[PDB]
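**Student:** So I pulled this structure from the PDB, and the sequence comes with it:
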There are 2 protein chains.
Amino acid sequence: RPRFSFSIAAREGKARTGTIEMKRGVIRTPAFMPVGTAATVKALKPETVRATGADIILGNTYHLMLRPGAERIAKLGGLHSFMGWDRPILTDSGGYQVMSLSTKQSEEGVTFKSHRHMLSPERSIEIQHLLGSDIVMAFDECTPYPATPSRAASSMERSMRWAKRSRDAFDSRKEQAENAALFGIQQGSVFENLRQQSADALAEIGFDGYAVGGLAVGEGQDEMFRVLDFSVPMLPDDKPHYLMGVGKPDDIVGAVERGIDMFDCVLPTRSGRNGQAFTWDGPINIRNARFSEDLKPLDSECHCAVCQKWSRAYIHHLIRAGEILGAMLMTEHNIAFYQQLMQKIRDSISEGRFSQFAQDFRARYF
Amino acid sequence: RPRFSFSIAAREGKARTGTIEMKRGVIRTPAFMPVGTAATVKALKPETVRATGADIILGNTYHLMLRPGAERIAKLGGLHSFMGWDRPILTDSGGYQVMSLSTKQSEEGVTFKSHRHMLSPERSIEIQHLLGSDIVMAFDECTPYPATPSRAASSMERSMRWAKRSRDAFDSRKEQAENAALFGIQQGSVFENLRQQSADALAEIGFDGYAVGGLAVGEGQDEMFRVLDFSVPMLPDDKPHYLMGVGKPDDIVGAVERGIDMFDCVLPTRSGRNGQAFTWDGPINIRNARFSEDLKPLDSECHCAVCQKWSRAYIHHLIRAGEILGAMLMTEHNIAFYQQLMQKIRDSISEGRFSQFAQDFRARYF
Ligand SMILES: Nc1cc(CSc2ncc[nH]2)c2nc(N)[nH]c(=O)c2c1
Ligand SMILES: Nc1cc(CSc2ncc[nH]2)c2nc(N)[nH]c(=O)c2c1
Ligand SMILES: [Zn+2]
Ligand SMILES: [Zn+2]
């Protein structure tokens, strides 16, 4: 396969379905990327992650640079070898968790004290290289919501300067430039003019893919959809569109209807461990006493291994008992559910019936 | 298969190797039974437990009678269906955890307040029936160590009376008597005469198997081996000998050399989650900094899936990071290691070279 090749096979309205070919494998879009925090998709072996249908996973950088360390992982052979996942891995720049998990910001980057460290566009790119990331994210500054036009502009402008620095750092490292891909991140809060300026700056620089950043920060789905309506069309049409940190099932369907090709979210994994299981009839909290003697599987249609073998009653017991198998089962089901959702989305778009699928999905889910 | 059939295929000294045929499957002896607390072998799916080589698992009763409840599990179809393990399951009587996890004792049984409940020989047997246990343990009273001859005798005598009551309760339930097996438990602390009286009482009553109880309570391996030396020969030779709660690798080898056919211990699972991994060169604590960049597998010879795919460095990272996958991997390896040990024991006995294997094992393990 090539270093990077995004091909759109079918479209319906603003929605698209296709593939991203990379050296480590093919990614079917729209795609959902399970999040691996600390070199592991919580409670799941890599083979299980793959079994659910995942083509690519997201690797948390901020966490890895602290422990076990970027240099160490490189010494041990890279993240893929380290955790046992040989397919594509997208790594975030760490420019988000730093300003939320641990700090002094400047035009040069961000220094912080782990929950004494410096992180700049150059170091972020280097860390992603050391990890062996397939899709590298430019180092940006996620703008807090709400944000005044002035602060949003300043932040967006700095992110664009950092986007240029990320680009050059990436290109200056031959091994990385030839084997990995680089995505730029659009900022600008909820303001149309800032989103346009950001989109133009990113396109001027040139990237393999474009992410829509700064959303899913507490603005509400209505507002998020409104911003996506005018923001996604600003990005290059022939490159992947990645909505960072968005994962609620209904959020995903609506985002795809607006042109998004890639997603990532900790919801399926985090919620799974918390007792929330996704079903086509909406999410359910398995801890609820009503499930103590329910012999049905988590979801009546789900084809995952958990729904083929265990009942809601058993998982209910496991979770309330605090058993590790509870987290394992809930997580496998949730991630499988998300992948099945992406497959249904891909299929409906390919068949020109996505709009109908979107409406049917909402009617039953809500 | 028959309800119960123990056949000895080969012997060397006091050691024996053979099979126990039951309706739900065949058990190879000497056998090691992974312990499932709360209807689950911690951090492992049933298929993984089976993949390691386990033929039977032990189900904790005391825990199950409290949550989710014996009646409830029966209503849901039994423990096998509930947790997804269709092979044999041995259940303890609960007469141990009660006097240690939560109490008023009397000749009728034990009443306790969960960490208001009554537990008698009759109820214990009924609970094991409701769970669908294949091998039912008589309800006894584990004698605390150290114990004076008088207290040990009183406890042993009560256990023998309870053994008769367990026998009758079991036989009076047609479904249970025809499909499950019942094991009696020898008590008597470290005293030879009490062990003899207990053995004679149990044989007089008649059981499908005989467990050596009251050991592994803080007496030390030397003392345990001394008691086994004179205690196991007292039990019927043509029935299985089960040493309850003994699991250290070296403990197992020594016990088999003394006539034991069955074992159970939480060590492999509990220790696994704590960072201890068993290897042929002795146990290692994976949390130790010396393993931070060790690319070798947990054990150089182990054929388990964990040692085929992940390094000590990765597991070291997982455990120190508190990741669920760390517990999963450590546990699968430890249980697989134990099963490989049992296989090596079975093979050496069948080939008349167990004594040599025992010596070689000790030399390298220590
Ligand atoms: N919402 C959101 C989420 C993420 C992290 S991806 C992730 N989210 C949750 C887990 N992982 C973002 N990352 C960057 N770099 N920039 C952003 O604007 C941004 C916005
Ligand atoms: N050592 C020991 C362990 C167990 C529990 S089996 C188990 N041990 C640890 C987990 N499961 C025992 N159980 C009974 N009923 N009687 C005994 O004398 C006795 C002695
Ligand atoms: Zn499912
Ligand atoms: Zn192993």
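**Tutor:** Arrived safely. Numbering: from 1, shown residues only, chains lettered A, B, ... in the order given. Ligands and ions are numbered 1, 2, ... in the order given.
**Student:** from here on, contacts and neighbour counts on C-alpha atoms
**Tutor:** Fine.
**Student:** Spell out which residues of the stretch 101-250 of chain A are next to ligand 1.
**Tutor:** Contact residues, the stretch 101-250 of chain A versus ligand 1 (C-alpha under 6 Å from any ligand atom): A:140, A:142, A:213, A:214, A:215, A:216, A:217, A:244, A:245.
**Student:** Tell me how far the closest residue to the fifth one other than its chain neighbours lies from ligand 3.
**Tutor:** Going back to what we said before, that points to residue A:215. Once flanking residues are discounted, residue A:215 sits nearest to residue A:224: 6.5 Å by C-alpha to C-alpha, 6 or more residues apart in numbering or on different chains. Remark: distance between residue A:224 and ligand 3 (C-alpha to the ion, to the nearest Å) = 29 Å.
**Student:** just residue A:365 next, same as before
**Tutor:** The gap separating residue A:365 from ligand 3 is 16 Å, by C-alpha to the ion.
**Student:** just residue A:45 next, same as before
**Tutor:** Following C-alpha to the ion, the distance that separates residue A:45 from ligand 3 is 17 Å.
**Student:** residues in contact with the closest residue to residue A:305 other than its chain neighbours?
**Tutor:** Closest residue to residue A:305 in three dimensions, ignoring its sequence neighbours and counting by C-alpha to C-alpha, 6+ apart: residue A:333, at 7.7 Å. By C-alpha atoms under 8 Å, 6 or more residues apart in numbering or on different chains, residue A:333 lies in contact with A:277, A:298, A:304, A:305, A:306, A:307.
**Student:** can you list the residues of chain A near ligand 3?
**Tutor:** Applying C-alpha under 5 Å from the ion, one finds that chain A approaches ligand 3 through A:302, A:304, A:307, A:333.
**Student:** circling back to that earlier point, just the buried ones from the residues of the stretch 101-250 of chain A next to ligand 1, in ChimeraX syntax?
**Tutor:** In ChimeraX syntax, the buried subset of these is picked out as below (16 or more other C-alpha atoms under 10 Å in any protein chain shown):
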select /A:140,142,213,214,215,216,217,244,245
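**Student:** Which of the residues of the stretch 101-250 of chain A next to ligand 1 lies at the shortest distance from ligand 4?
**Tutor:** Distance to ligand 4, by C-alpha to the ion, is smallest for residue A:245 among these, at 36.4 Å.
**Student:** can you pull the contacts of the closest one?
**Tutor:** With C-alpha under 8 Å, 6+ apart, residue A:245 has these contacts: A:215, A:216, A:263, A:264, A:265, A:266.
**Student:** Ramachandran angles for it?
**Tutor:** When read as degrees, to the nearest 10, the backbone of residue A:245 gives phi 70, psi 20.
**Student:** Next, count neighbours for the residue nearest to residue A:122 when sequence neighbours are not counted.
**Tutor:** Distances taken as C-alpha to C-alpha, 6+ apart put residue A:169 closest to residue A:122, at 5.7 Å, once the chain neighbours are dropped. Residues lying near residue A:169 (other C-alpha atoms under 10 Å in any protein chain shown) number 19.
**Student:** Angles on the backbone of residue A:169, please.
**Tutor:** Taking degrees, to the nearest 10 as the convention, residue A:169 sits at phi -60, psi -40.
**Student:** sorry, back to before: out of the contacts of residue A:333, which sit inside helices?
**Tutor:** Secondary structure from DSSP state H places A:305, A:306, A:307 of the contacts of residue A:333 in helices.
**Student:** Would you mind giving these as JSON lines with distance to residue A:98 and neighbour count added?
**Tutor:** Below are the ones in helices among the contacts of residue A:333 laid out as JSON lines (distance: C-alpha to C-alpha, whole Å; neighbours: other C-alpha atoms under 10 Å in any protein chain shown):
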{"residue": "A:305", "distance to residue A:98": "37", "neighbour count": "15"}
{"residue": "A:306", "distance to residue A:98": "36", "neighbour count": "22"}
{"residue": "A:307", "distance to residue A:98": "38", "neighbour count": "19"}
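**Student:** Ligand 2 next: which of these are close?
**Tutor:** The subset of the ones in helices among the contacts of residue A:333 within reach of ligand 2, by C-alpha under 6 Å from any ligand atom, is empty.
**Student:** Specify which member of those is nearest to ligand 1.
**Tutor:** Closest approach to ligand 1 among those (C-alpha to the nearest ligand atom): residue A:306, at 24.3 Å.
**Student:** contacting residues for the closest one?
**Tutor:** Residue A:306 touches A:297, A:329, A:332, A:333, counting by C-alpha under 8 Å, 6+ apart.
**Student:** which of these tops the neighbour count?
**Tutor:** Comparing the contacts of residue A:306 by number of neighbours (other C-alpha under 10 Å), residue A:333 comes first, having 27 neighbours.
**Student:** still on that earlier bit, state the pair within the contacts of residue A:333 that is farthest apart.
**Tutor:** Across the contacts of residue A:333, no pair lies farther apart than A:277 and A:305, at 14.4 Å, counting by C-alpha to C-alpha.
**Student:** so which of the contacts of residue A:245 would you say is closest to residue A:120?
**Tutor:** Nearest member of these to residue A:120, counting by C-alpha to C-alpha, is residue A:215, at 22.2 Å.
**Student:** Pretty sure the closest one sits against residue A:189.
**Tutor:** Yes - under the criterion of C-alpha atoms under 8 Å, residue A:215 makes contact with residue A:189 at 7.3 Å.
**Student:** how about the strands in the stretch 251-366 of chain A?
**Tutor:** Using DSSP state E, counting those that start in this stretch, the strands of the stretch 251-366 of chain A run over A:262-265, A:276-277, A:284-285.
**Student:** mind checking how far the second one is from the chain centre?
**Tutor:** Strand A:276-277 has its C-alpha centroid displaced from the chain centroid by 19 Å (C-alpha atoms, centre = their mean, to the nearest Å).
**Student:** From the contact counts, what lies against that strand?
**Tutor:** strand A:284-285, helix A:324-350 (3 or more C-alpha pairs under 8 Å, 6 or more residues apart in numbering or on different chains; DSSP states H and E).
**Student:** ok, residues contacting it?
**Tutor:** Here strand A:276-277 makes contact (C-alpha under 8 Å, 6+ apart) with A:268, A:271, A:283, A:284, A:285, A:286, A:298, A:330, A:333, A:334.
**Student:** so who does the residue positioned nearest the centre of chain A touch?
**Tutor:** Nearest to the mean C-alpha position of chain A, counting by C-alpha atoms, centre = their mean, stands residue A:264 at 1.9 Å. Residue A:264 is in contact with A:32, A:33, A:34, A:35, A:58, A:243, A:244, A:245, A:246, A:247, counting by C-alpha under 8 Å, 6+ apart.
**Student:** The closest residue in space to it that isn't next to it in sequence in helix, strand or coil?
**Tutor:** In space, and not counting its chain neighbours, residue A:264 is closest to residue A:33: 4.7 Å by C-alpha to C-alpha, 6+ apart. Assigned by DSSP: H, G, I helix; E, B strand; the rest coil, the conformation of residue A:33 is strand.
**Student:** what's around residue A:33, how many residues?
**Tutor:** 24.
**Student:** cool, and residue A:285?
**Tutor:** Neighbours of residue A:285 under the rule other C-alpha under 10 Å: 16.
**Student:** quick one: it and residue A:275 touch, right?
**Tutor:** Yes - the criterion here is C-alpha under 8 Å, and residue A:285 meets it with residue A:275 at 5.3 Å.
**Student:** what about residue A:80, which helix or strand?
**Tutor:** Using DSSP states H and E, residue A:80 maps to helix A:79-83.
**Student:** right, I mislabeled it, should have said residue A:199
**Tutor:** In the assignment (DSSP H and E), residue A:199 maps to helix A:192-205.
**Student:** Show me what that helix packs onto, helices and strands only.
**Tutor:** Packed against helix A:192-205 by the contact rule (3+ C-alpha pairs under 8 Å, 6+ apart) you find helix A:149-171, strand A:181-186, helix A:221-231.
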